[PDB]
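The chain that follows stands alone, in the form deposited in one PDB entry, written as structure tokens.
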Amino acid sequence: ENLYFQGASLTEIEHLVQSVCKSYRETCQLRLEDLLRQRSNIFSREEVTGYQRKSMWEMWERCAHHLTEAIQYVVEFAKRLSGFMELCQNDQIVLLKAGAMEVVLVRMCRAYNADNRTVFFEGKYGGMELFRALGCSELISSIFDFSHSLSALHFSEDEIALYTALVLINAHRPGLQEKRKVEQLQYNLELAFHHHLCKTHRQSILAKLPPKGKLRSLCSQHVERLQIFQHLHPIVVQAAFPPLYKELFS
């Protein structure tokens, strides 16, 4: 079905590197140079106050929409990944449900500016005080701290591509029917990532990467905060949250 479901040679691992990096370039949502160029474009004190004054439900809806757009690009990335379309429908769903948010959380470090602790949101950079209307300050501060720690690694685009392919192709997700097929694909993606790091003298990042439990905790925290919001505004979720967001998080 796919070469990467079996033992792969060095040449085939070198191709996997190129393939993953290409899949990522084509599905990235925003170019790194565009995000970097816009760093000087920061929300004014008046603009921040305006975001803080929005109703809780309006802020949640805007954030659920922006998240859904980012996730859509992660779905496209998954589809372009060697071997993903060869897995059964159950497993593709299992992988995307558990990993799509994790991939978005990793991709977000490109949009995070560690110099002033701001993130690119709705056309400009803003600090964590911009999301105060959500009423989930601990979750927001935990997300900014994660983006801050990832930023300290100075990831290249190729590294993010290879590391996110691995965040998604995780053979330990409960509910996988073809676990051994996913284990082999994960092994080959692990080799591709570690090969690229070896080749670029970047193996020192391996020890600095966050533990898998960190990404799981951030995703569980998001689902917990959504459940609190859902109990307060059930009609808002039902009527105005994107259907893809609800399939993944509700």
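Shifts are known only where both forms have a C-alpha. We call the rigid core whatever largest set of C-alpha positions still superposes within 1.5 Å between the two forms. For every residue, the number given is its place in the sequence shown, counted from 1.
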| item | value |
| --- | --- |
| 200 to 208 versus 64 to 72 - which carries the larger mean C-alpha B factor in the record | 200 to 208 |
| Of 233 to 241 and 5 to 13, the one with larger mean CA B-factor | 5 to 13 |
| From 40, 27, 184, 52, residue of greatest CA B-factor | 40 |
| Chain thirds of CA B-factor: placement of residue 215 | highest |
| Residue 148 - which third its CA temperature factor falls in, relative to the rest of the chain | middle |
| Lowest, middle or highest third - CA B-factor, residue 102 | lowest |
| Third of the chain's Cα B-factor distribution that residue 19 belongs to, per the entry | lowest |
| B-factor third for the C-alpha atom of residue 194 within its chain | lowest |
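We do not show the form deposited in another entry, though everything after this point is about it.
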property: Residue 15 C-alpha shift between this form and the one not shown of 2 Å or more, rigid core reference; result: no
property: CA of residue 229, rigid core aligned, shift of 2 Å or more between this form and the one not shown; result: yes
property: Direction of the Cα shift between residue 236 and residue 138 in that other deposited form, where the change is 3 Å or more; result: farther
property: Direction of Cα pair change residue 52-residue 236 in that other deposited form, magnitude 3 angstroms or more; result: farther
property: Segments displaced between this form and the one not shown (3 or more residues, each Cα shift of 2 Å or more, core-superposed); result: 226 to 241
